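Working notes, structure below.
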Ligand SMILES: O=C1C(Br)=CC(=C(c2cc(Br)c(O)c(Br)c2)c2ccccc2S(=O)(=O)O)C=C1Br
Ligand SMILES: O=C1C(Br)=CC(=C(c2cc(Br)c(O)c(Br)c2)c2ccccc2S(=O)(=O)O)C=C1Br
Ligand SMILES: [Cl-]
């Protein structure tokens with residue numbers, strides 16, 4: 001599923017992400033925009049044999065189990081395929097564990113580069129939340 005901006009903001013709010021770990025809702029929307037372009041089925045392979053899965057591009061070496069990644073730790077205790085669902089619940093629950101570890105939201109390289117240091121509130125502005 002490809003979400004719209006405010007559509008996703010509302011879904012993330014419903015799952016308690018506003019100010020989770022101190023990160024305002026716009027941070028999470030911005031992260032999804034630049035990690036996956038709001039696409040719940042996004043997948044991207046990496047040189048280390050891992051793959052990043054879903055709306056928040058959750059990695060299969062540390063966080064989810066995809067059965068094919070050397071060194072898998074499965075710290076979210078979730079199969080990676082569940083992170084490709086149209087409903088964001090499993091991805092949000094794993095993201096809450098990631099942000100509590102991957103040194104806050106720096107675990108999301110696209111957020112680090114393309115969101116951090118900008119006025120991320122613009123990502124929720126004008127949404128009926
Ligand atoms: O249940 C839904 C569904 Br279905 C779609 C959308 C939207 C939308 C708009 C475009 Br344009 C787009 O390309 C996509 Br995908 C979705 C949308 C609609 C009105 C205002 C803002 C948005 S937006 O801020 O969410 O974009 C909102 C909800 Br709620
Ligand atoms: O399937 C949809 C689609 Br598509 C759009 C919308 C909404 C919406 C629509 C427009 Br237009 C807009 O500019 C904005 Br912002 C939000 C909406 C979202 C959350 C709360 C209230 C509305 S409400 O405004 O519809 O009451 C709800 C459903 Br369900
Ligand atoms: Cl702006």
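Along the chain as shown, residues are numbered 1 onward.
So how was this one determined? The header says X-ray crystallography, 1.0 Å.
Including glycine, each Cβ sits where the backbone N, Cα and C put it.
Per Swiss-Prot, disulfide bond is recorded for 6-127 (among others). Within 10 Å of the Cβ of residue 6 (disulfide bond) there are 16 other Cβ atoms, across all protein chains.
In the three-state DSSP scheme, residue 115 (disulfide bond) falls into the coil class. For 30-115 (among others), the entry in Swiss-Prot reads disulfide bond.
Taken from Swiss-Prot, the feature active site applies to 35 (among others). Mapped onto three states, the DSSP output places residue 35 (active site) in helix.
Cβ contacts within 10 Å of residue 52 (active site), excluding its own Cβ and spanning all protein chains shown: 24. Taken from Swiss-Prot, the feature active site covers 52 (among others).
Within the same chain, residues at least 6 positions away in sequence whose Cβ sits under 8 Å from that of residue 80 (disulfide bond) are 51, 53, 58, 60, 64, 65, 66. According to Swiss-Prot, the feature disulfide bond maps to 64-80 (among others).
The DSSP secondary structure for residue 94 (disulfide bond) is helix. Close to residue 94 (disulfide bond) in the fold, though at least 6 residues off in sequence, lie 56, 58, 63, 64, 76, 78, 83, each with a CB less than 8 Å from its CB. According to Swiss-Prot, the feature disulfide bond maps to 76-94 (among others).
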Helix, strand or coil by DSSP: which one applies to residue 52 (active site)?
strand
List of residues, in chain order, with Cβ under 8 A from that of residue 127 (disulfide bond) and at least 6 apart:
5, 6, 9, 10
Which of the recorded positions 30, 35, 115 has its Cα nearest to the Cα of residue 52 (active site)?
35
